[PDB]
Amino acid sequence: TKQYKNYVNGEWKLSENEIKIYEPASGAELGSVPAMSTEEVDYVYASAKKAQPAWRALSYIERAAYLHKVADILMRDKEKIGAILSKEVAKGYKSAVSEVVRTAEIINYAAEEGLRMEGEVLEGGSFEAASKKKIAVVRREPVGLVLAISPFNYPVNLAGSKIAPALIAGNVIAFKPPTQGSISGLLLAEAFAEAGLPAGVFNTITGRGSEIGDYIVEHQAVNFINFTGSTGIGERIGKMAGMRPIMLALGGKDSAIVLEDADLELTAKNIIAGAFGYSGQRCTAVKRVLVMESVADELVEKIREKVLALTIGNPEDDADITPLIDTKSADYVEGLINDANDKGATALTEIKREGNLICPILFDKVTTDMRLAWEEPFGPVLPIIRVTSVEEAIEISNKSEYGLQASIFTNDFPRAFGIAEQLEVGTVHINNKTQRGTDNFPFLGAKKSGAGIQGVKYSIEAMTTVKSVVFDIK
């Protein structure tokens, strides 16, 4: 077993204890990652705080450079990383490589967006005559040490989207990847080491969050917690954060609202691509379709067919639907499938599980009484809820505790815009599937789908504070 080390204060370290990582699809052993001790966690943080001042004293262009190099390295090794990554989280090899390319892109972009952050000069005279000679020179500054924590479905991409924005602004990082993905995370950590950033600027932490999780979050060394993951852990992070700044990208139950005048063929393709992408293990996936009755039968039919075209199989074969992350997860989905069924839902696709590989199932005639109408599966299961009016679609849509994104399919644009304003989500895509898509675009969840606004530009803004220097003109 290859025993990986954590990049800490400019060195690769192991821990007295470790964790063995396996392949969800095969079961093969990929290696082990350290299981840090609070003492070791304390070292990572003590290291970062000590390097922060020097890292911040650098010019924006110097930090941008280190970051571009990192991206250069990731592009160079997009094959090695994708290889492991693909195996570590059972993600299609091609898409796995793509995630690394997406990561490189986000890093380069953040580097360039961040070196152009500008300040403001406010006039006292705008508020009171007596203060006309008083001005405020407001410049942005880092919050200090940022604790980045990534999910299993994008251990690298959702690591960089937090790290790059943090570093360019002058913050130091403590990256805790998901255990089931800790290898991929350490591979990313490799690029940062090779790039040669100063020791302590970028560090990693591994170990089941189920034992050092609260510790790394509650540690007073952290000035900001940027997290993507379950809504459950999200809640707790919010409470442990106290009054400290936080970034939370949690679950979602994105609805696809289909009006009578929609382009059913296009709607169907988008709903297919979004719902089943990566077996439904995507936060922004199309997890529920709210379709008008008059066009339901036809739409459903289109979906069904296109579902059959999906490729069921293993990661190395770039199959649309691959084995779910783990057994627990698959069991969860099955529970939702059984509940939908017993209550009347009609499965138009075959319900079938083999290992942790669940075949894509299309549930029609789903009602708000079924768990599947609400709970986030994170498995290939798409329920279809029929409505008799846009207004109903709005209610059912907002009734959810989730509000990441929503889709609206219709040809009546002005109306879609009106409906978008009413949806309790961050982003509404018109005649397209939901997606974080275009990382410069803002990405945020409403209600229990998140806290804070992501998207390169917004992430930088989020992980920086302001320092205002006021004086009077003579």
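Residue numbers run from 1 along the displayed sequence.
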{"property": "Mean C-alpha B-factor comparison - 330-338 and 123-131, higher one", "result": "330-338"}
{"property": "Mean Cα B-factor comparison, 230-238 or 164-172, giving the higher one as deposited", "result": "230-238"}
{"property": "Top residue by Cα temperature factor, when 137, 259, 250, 81 are compared in the entry", "result": "81"}
{"property": "Given 373, 289, 222, 347, the residue at which the Cα B factor reaches its maximum", "result": "347"}
{"property": "Within-chain third of residue 154 by Cα B-factor, per the entry", "result": "middle"}
{"property": "Third assignment of residue 400 from its chain's C-alpha B-factors", "result": "lowest"}
{"property": "CA B-factor placement of residue 38, once the chain's modelled residues are sorted into thirds", "result": "highest"}
{"property": "Residue 209 - Cα temperature factor, lowest/middle/highest third of chain", "result": "highest"}
{"property": "Residue 50 by Cα B-factor - lowest, middle or highest third of the modelled chain", "result": "highest"}
